[PDB]
Amino acid sequence: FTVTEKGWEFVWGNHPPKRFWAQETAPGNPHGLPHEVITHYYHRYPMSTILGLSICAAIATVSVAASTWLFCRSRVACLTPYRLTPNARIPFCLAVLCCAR
Amino acid sequence: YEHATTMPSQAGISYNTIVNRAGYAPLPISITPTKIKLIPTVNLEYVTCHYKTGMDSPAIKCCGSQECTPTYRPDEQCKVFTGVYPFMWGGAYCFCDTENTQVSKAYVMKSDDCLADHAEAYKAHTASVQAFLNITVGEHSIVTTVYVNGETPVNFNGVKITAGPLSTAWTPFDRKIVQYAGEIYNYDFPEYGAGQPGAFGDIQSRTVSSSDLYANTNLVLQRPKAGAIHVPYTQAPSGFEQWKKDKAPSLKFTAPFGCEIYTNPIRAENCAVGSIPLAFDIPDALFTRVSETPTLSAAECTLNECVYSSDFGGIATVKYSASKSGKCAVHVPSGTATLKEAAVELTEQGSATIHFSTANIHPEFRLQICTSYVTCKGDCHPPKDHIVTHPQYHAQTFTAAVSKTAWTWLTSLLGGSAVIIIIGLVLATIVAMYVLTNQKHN
Amino acid sequence: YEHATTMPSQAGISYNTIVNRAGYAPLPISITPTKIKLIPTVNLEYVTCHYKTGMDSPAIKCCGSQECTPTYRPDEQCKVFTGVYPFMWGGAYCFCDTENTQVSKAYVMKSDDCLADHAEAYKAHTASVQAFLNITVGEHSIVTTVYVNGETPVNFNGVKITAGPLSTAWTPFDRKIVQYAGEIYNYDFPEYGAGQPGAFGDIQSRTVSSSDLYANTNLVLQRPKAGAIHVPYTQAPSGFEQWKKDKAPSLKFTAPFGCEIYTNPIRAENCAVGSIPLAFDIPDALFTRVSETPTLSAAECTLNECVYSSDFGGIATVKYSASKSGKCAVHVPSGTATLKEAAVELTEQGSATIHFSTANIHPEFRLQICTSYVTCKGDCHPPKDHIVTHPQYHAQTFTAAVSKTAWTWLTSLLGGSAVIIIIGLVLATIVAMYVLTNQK
């Protein structure tokens with residue numbers, strides 16, 4: 001049987017009722033090695049963990065993608081006025097920073 | 001002094017609080033609920049039992065013809081049979097071959113054991129909650145049956161307490177109830193006069209001694225065997241016995257929230273649902289002044305034991321200094337820790353050892369002792385039992401067990417991405433301004 | 001066979017209807033409510049009565065001192081007075097000048113006439129309407145108490161009738177009720193233990209013989225007169241007497257909808273509110289074939305007299321030619337006019353007289369005699385009494401008393417304007433076409 005924190009009770013024949021109560025001793029260690037905290041909060045709070053990891057992965061993916069997008073647009077906006085000149089003498093500091101030729 | 005609070009609807013567990021008048025001594029209040037009933041308004045309709053087909057002796061006339069004289073007994077069948085040559089032990093009964101006549105007459109009456117073996121069909125609605133509180137307000141304790149409608153006060157020592165109505169109108173009992181043998185069932189019994197043959201209520205006596213019972217038991221008289229004096233019938237079996245053979249289990253074993261159904265008043269017990277609000281009309285005489293109670297100076301709190309078990313598995317230790325030796329209240333204003341005792345008796349330079357209960361992994365609460373606030377901080381550890389035989393003595397706060405390591409993983413992988421996007425936005429702004437500065441040249 | 005109908009909740013006035021099975025004989029139904037009760041669930045909280053301040057005899061110690069011994073009696077006071085010089089008829093009692101001591105003890109107890117003179121404070125909720133009907137279904141007539149919840153059927157001759165619940169949860173009673181001497185009051189009494197002196201419920205005994213009463217009567221002990229053995233006291237006067245002096249009138253005088261408050265149990269009777277739905281479960285054996293009943297040919301209805309009064313003030317004569325002599329149903333389908341009787345016995349060539357009742361100045365209602373349908377048409381006249389002592393036997397149809405002349409005035413003033421505006425619009429269209437023709 002599955003016993004939660006809200007209680008559980010059985011009666012075995014002519015015996016009196018036995019009530020039981022679950023308490024929060026989940027397998028894992030919540031203090032380090034971050035694949036151990038995820039199993040701990042998965043056996044502890046199963047529904048909330050998948051939603052939390054989904055929204056944290058989504059925000060991390062959107063943030064890394066938008067930062068790469070803005071950095072590549074700013075590199076293009078820097079190097080384009082020095083790549084339309086027919087001599088193309090890009091200076092040295094922008095060559096080291098913007099990773100030019 | 002009007003003080004309102006709220007108590008959870010759960011027996012056995014002591015509920016503690018204090019009242020802080022802004023310039024006086026704190027007044028501790030303790031309420032421990034013992035037995036919380038729920039008594040519906042119960043309305044008897046009918047009882048039922050086993051029936052007992054009574055049969056009159058066969059009226060026999062030799063070379064004659066009988067008639068059917070009714071009696072208006074319940075389900076009273078009667079029929080007249082012709083062409084009968086009955087026998088007694090001392091030979092034949094008539095001399096006529098044909099044109100003899102035997103009358104069968106049967107009726108339904110209720111059984112002889114109806115008094116001690118019957119089932120009561122009721123109707124219930126609009127229950128009434130009633131608790132056995134054990135209140136202590138300023139070391140003056142009473143034990144009184146309070147009623148928990150929004151009125152009907154309990155009065156003691158000038159203090160008026162009105163424990164208001166439950167936050168939920170839930171009852172375990174349905175609109176219809178059958179009581180049999182000390183146990184109570186949610187059965188949809190048919191109405192009086194609607195009793196069907198072969199099922200519950202084929203007999204419907206209005207009370208136990210009503211002497212007017214409705215009976216619909218599918219009784220049909222049959223023709224007697226040639227040469228015998230008997231009354232043969234054929235009816236559907238006892239619907240009360242067939243109800244007893246099926247009998248989906250009692251409400252004692254099936255009730256939600258763990259109720260405890262009892263019999264002699266039909267009532268439920270200790271249904272852990274809802275919450276009782278409270279009103280305290282406290283007179284001004286009980287508020288003792290400040291300087292008639294001890295008051296600490298230079299106190300400090302440390303945690304000896306800290307286990308986030310179900311009961312009082314934490315010990316905080318307070319080293320204090322105060323220039324009196326008396327008792328004073330302790331309380332935790334948040335629901336972070338649930339203390340065990342409500343008062344601590346003090347020396348002038350000793351230490352205090354309190355017992356609290358908590359769900360937190362890193363407990364940081366602000367203990368209120370006599371009139372001051374210390375901060376008790378530590379780290380709790382998981383308990384050793386998976387399953388205990390007592391309920392919970394604390395409240396699971398949302399974000400209670402978040403374990404500072406995981407606070408660090410949520411701060412870095414979610415706040416650091418914001419740092420990435422703001423330095424990307426700053427870099428984009430500087431690039432746009434530098435492009436506009438380069439095209440200022442013409 | 002399910003036949004659903006709805007009866008107005010009003011005692012005494014008969015209700016008649018018929019079941020029109022499509023190929024069988026019409027089946028008459030006649031239901032006359034006699035007494036419509038309305039019973040709330042009623043819960044006793046306490047009783048109250050006049051009180052009686054009990055006094056103890058004064059305990060005098062000659063040149064000593066006394067103490068207070070509590071007897072825990074209700075509202076009990078015990079003050080002890082020093083410096084007394086009491087007296088009997090045989091001279092002085094003590095012989096000292098000072099330092100004598102007298103103990104006064106007073107307490108409240110409920111009166112000796114509590115059993116036959118007291119107010120019972122109840123709580124009411126969740127009424128349960130119950131009705132004494134008188135039901136005739138196809139010359140099977142019973143008289144039987146019904147319970148008008150949506151179940152608990154009444155059974156006679158295989159017919160199963162169930163009176164549905166009221167369309168209104170109205171009760172004349174409030175949440176709190178006081179009974180005093182056959183009369184019932186919506187009165188907001190204080191709770192038990194919440195009684196105040198000088199008002200209702202300063203004395204609160206849980207039952208009549210409870211032997212535990214709550215007394216809050218503002219009893220104060222005073223100091224006795226020099227040279228007198230008595231217990232003086234001051235207290236607020238009796239609130240049951242002051243409540244009898246106030247007593248806004250009973251609920252049988254102030255209740256709406258004509259209700260009649262009685263108390264053998266606490267109930268209202270004959271309130272004219274709401275309406276009872278009915279449910280008929282008619283078996284298939286009561287339906288006689290058509291050919292075993294009379295059936296008419298060439299029937300005609302003429303109105304002899306016609307008064308749009310409140311009682312039956314209209315006489316219609318129906319001349320028929322019957323195939324067979326027997327009683328059959330008469331009924332009006334609409335609420336246009338309400339007949340008096342539910343059945344008419346026929347000869348073979350006679351002329352029948354029916355009594356009806358209408359609010360219409362110009363009634364045109366279609367009667368239903370045995371299986372045919374004649375059209376009764378005529379004109380009614382105003383009655384002569386302004387005020388009658390019996391309620392209304394018919395229904396108030398909207399636009400029932402329009403009095404055909406005013407139909408003509410409304411139709412002229414409402415139709416001539418529409419005629420003028422449509423001929424104006426047609427004239428505008430013709431003028432526009434004539435302009436477009438002339439501009440060629």
# chains A, B, ... in the order shown; residues from 1 in each chain; ligands from 1

$ residues_around --residues "range 94-98 of chain A" --least-positions-apart "5" --cutoff "12 Å" --atoms "only C-alpha atoms" --output "VMD selection string"
(chain A and resid 71 to 80 82 88 to 89) or (chain B and resid 431)

$ write_last_selection --atoms "C-alpha atoms" --output "PDB file, in the first residue's frame"
ATOM      1  CA  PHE A  71      26.364  39.250 -29.898  1.00  0.00           C
ATOM      2  CA  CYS A  72      26.379  38.060 -33.513  1.00  0.00           C
ATOM      3  CA  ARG A  73      24.229  41.021 -34.576  1.00  0.00           C
ATOM      4  CA  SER A  74      26.586  43.414 -32.792  1.00  0.00           C
ATOM      5  CA  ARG A  75      29.637  41.774 -34.397  1.00  0.00           C
ATOM      6  CA  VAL A  76      27.969  42.157 -37.810  1.00  0.00           C
ATOM      7  CA  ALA A  77      27.100  45.797 -37.070  1.00  0.00           C
ATOM      8  CA  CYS A  78      30.717  46.467 -36.079  1.00  0.00           C
ATOM      9  CA  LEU A  79      32.469  44.708 -38.942  1.00  0.00           C
ATOM     10  CA  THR A  80      30.129  45.676 -41.812  1.00  0.00           C
ATOM     11  CA  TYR A  82      34.856  48.047 -42.430  1.00  0.00           C
ATOM     12  CA  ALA A  88      39.312  46.624 -46.038  1.00  0.00           C
ATOM     13  CA  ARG A  89      41.941  47.749 -43.526  1.00  0.00           C
TER      14      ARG A  89
ATOM     15  CA  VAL B 431      27.791  48.913 -30.507  1.00  0.00           C
TER      16      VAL B 431
END

$ closest_atom_pairs --of "chain A" --to "chain B" --cutoff "9 Å" --atoms "only C-alpha atoms" --output "CSV"
residue,atom,partner,partner_atom,distance
A:3,CA,B:387,CA,8.3
A:5,CA,B:392,CA,8.1
A:6,CA,B:391,CA,8.2
A:7,CA,B:391,CA,7.6
A:8,CA,B:258,CA,8.7
A:9,CA,B:258,CA,8.4
A:10,CA,B:253,CA,8.9
A:11,CA,B:253,CA,8.6
A:18,CA,B:389,CA,8.0
A:19,CA,B:389,CA,6.2
A:20,CA,B:389,CA,4.8
A:21,CA,B:388,CA,5.3
A:22,CA,B:387,CA,4.6
A:23,CA,B:386,CA,5.8
A:24,CA,B:386,CA,7.2
A:25,CA,B:386,CA,6.0
A:26,CA,B:382,CA,8.5
A:30,CA,B:403,CA,6.2
A:31,CA,B:405,CA,5.9
A:32,CA,B:405,CA,6.5
A:34,CA,B:406,CA,8.3
A:37,CA,B:406,CA,7.5
A:56,CA,B:414,CA,6.6
A:57,CA,B:413,CA,8.8
A:59,CA,B:414,CA,7.3
A:60,CA,B:417,CA,6.2
A:63,CA,B:417,CA,5.8
A:64,CA,B:417,CA,7.2
A:66,CA,B:421,CA,7.3
A:67,CA,B:424,CA,5.5
A:68,CA,B:424,CA,8.2
A:70,CA,B:424,CA,6.2
A:71,CA,B:424,CA,6.4
A:73,CA,B:428,CA,8.0
A:74,CA,B:428,CA,5.6
A:75,CA,B:431,CA,8.3
A:77,CA,B:431,CA,7.3
A:78,CA,B:431,CA,6.8
A:81,CA,B:435,CA,8.4

$ select_by_dssp --residues "range 142-279 of chain C" --states "helix (DSSP H, G or I)" --output "list in words"
residues 239, 240, 241, 242, 243, 244, 245, 246, 251, 252, 253 and 254 of chain C

$ interface_residues --of "chain B" --to "chain C" --cutoff "9 Å" --atoms "only C-alpha atoms" --output "ChimeraX atom specification"
/B:41,126,151-155,190-194

$ residues_around --residues "residue 181 in chain C" --least-positions-apart "4" --cutoff "12 Å" --atoms "only C-alpha atoms" --output "JSON, numbers by chain"
{"C": [115, 116, 117, 118, 119, 120, 185, 244, 250, 262, 263, 264]}

$ write_last_selection --atoms "C-alpha atoms" --output "mmCIF file, in the first residue's frame"
data_model
loop_
_atom_site.group_PDB
_atom_site.id
_atom_site.type_symbol
_atom_site.label_atom_id
_atom_site.label_comp_id
_atom_site.auth_asym_id
_atom_site.auth_seq_id
_atom_site.Cartn_x
_atom_site.Cartn_y
_atom_site.Cartn_z
ATOM 1 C CA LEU C 115 -44.334 24.992 34.857
ATOM 2 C CA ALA C 116 -47.522 26.690 33.651
ATOM 3 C CA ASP C 117 -46.112 30.146 32.797
ATOM 4 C CA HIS C 118 -42.851 30.201 30.838
ATOM 5 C CA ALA C 119 -41.513 31.035 27.388
ATOM 6 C CA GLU C 120 -39.842 28.375 25.238
ATOM 7 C CA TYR C 185 -42.876 35.259 17.978
ATOM 8 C CA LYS C 244 -44.620 40.671 28.198
ATOM 9 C CA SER C 250 -47.905 37.335 17.467
ATOM 10 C CA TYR C 262 -50.845 27.057 15.208
ATOM 11 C CA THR C 263 -48.928 25.185 17.895
ATOM 12 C CA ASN C 264 -49.723 21.732 18.926
#

$ residues_around --residues "range 166-183 of chain B" --least-positions-apart "4" --cutoff "6 Å" --atoms "only C-alpha atoms" --output "list in words"
residues 119, 120, 121, 122, 123, 124, 187, 263, 274, 275 and 276 of chain B

$ residues_around --residues "residue 385 in chain C" --least-positions-apart "4" --cutoff "12 Å" --atoms "only C-alpha atoms" --output "PyMOL selection string"
chain C and resi 307-311+389

$ write_last_selection --atoms "C-alpha atoms" --output "PDB file, in the first residue's frame"
ATOM      1  CA  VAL C 307     -70.919  37.871 -15.116  1.00  0.00           C
ATOM      2  CA  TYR C 308     -67.163  38.299 -14.767  1.00  0.00           C
ATOM      3  CA  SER C 309     -67.415  38.021 -10.996  1.00  0.00           C
ATOM      4  CA  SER C 310     -65.169  36.109  -8.620  1.00  0.00           C
ATOM      5  CA  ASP C 311     -67.481  33.129  -8.041  1.00  0.00           C
ATOM      6  CA  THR C 389     -65.790  37.308   1.342  1.00  0.00           C
TER       7      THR C 389
END

$ closest_residue --among "C:298, C:332, C:226, C:374" --to "residue 98 in chain C" --atoms "only C-alpha atoms"
C:226

$ select_by_dssp --residues "range 89-133 of chain B" --states "strand (DSSP E or B)" --output "list in words"
residues 91, 92, 101, 102, 103, 104, 105, 106, 107, 108, 109, 110, 119, 120, 121, 122, 123, 124, 125, 126, 127, 128, 129, 130, 131, 132 and 133 of chain B

$ residues_around --residues "residue 269 in chain B" --least-positions-apart "5" --cutoff "12 Å" --atoms "only C-alpha atoms" --output "ChimeraX atom specification"
/B:9-11,34-39,129-132,171-172,251-252,255-263

$ atom_distance --atom1 "CA of residue 197 in chain C" --atom2 "CA of residue 55 in chain C"
18.8 Å

$ atom_distance --atom1 "CA of residue 157 in chain B" --atom2 "CA of residue 67 in chain C"
22.6 Å

$ residues_around --residues "residue 39 in chain A" --least-positions-apart "2" --cutoff "12 Å" --atoms "only C-alpha atoms" --output "PDB file with C-alpha atoms, in the first residue's frame"
ATOM      1  CA  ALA A  26      13.259  10.576   0.848  1.00  0.00           C
ATOM      2  CA  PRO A  27      16.150   8.641  -0.727  1.00  0.00           C
ATOM      3  CA  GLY A  28      19.039  10.861  -1.739  1.00  0.00           C
ATOM      4  CA  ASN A  29      21.146  13.671  -0.370  1.00  0.00           C
ATOM      5  CA  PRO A  30      19.885  17.272  -0.659  1.00  0.00           C
ATOM      6  CA  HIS A  31      23.378  18.599   0.138  1.00  0.00           C
ATOM      7  CA  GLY A  32      25.548  18.116  -2.918  1.00  0.00           C
ATOM      8  CA  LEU A  33      26.422  16.198  -6.123  1.00  0.00           C
ATOM      9  CA  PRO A  34      23.578  17.702  -8.168  1.00  0.00           C
ATOM     10  CA  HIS A  35      22.324  14.425  -9.639  1.00  0.00           C
ATOM     11  CA  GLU A  36      21.625  13.411  -6.023  1.00  0.00           C
ATOM     12  CA  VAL A  37      19.504  16.453  -5.177  1.00  0.00           C
ATOM     13  CA  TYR A  41      13.384  16.188  -4.937  1.00  0.00           C
ATOM     14  CA  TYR A  42      11.960  13.763  -7.486  1.00  0.00           C
ATOM     15  CA  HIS A  43      11.063  11.163  -4.886  1.00  0.00           C
ATOM     16  CA  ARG A  44      10.082  14.048  -2.586  1.00  0.00           C
ATOM     17  CA  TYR A  45       8.057  16.401  -4.844  1.00  0.00           C
ATOM     18  CA  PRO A  46       7.487  14.583  -8.158  1.00  0.00           C
ATOM     19  CA  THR A  49      10.411  18.970 -10.024  1.00  0.00           C
ATOM     20  CA  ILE A  50       9.641  18.317 -13.699  1.00  0.00           C
TER      21      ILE A  50
END
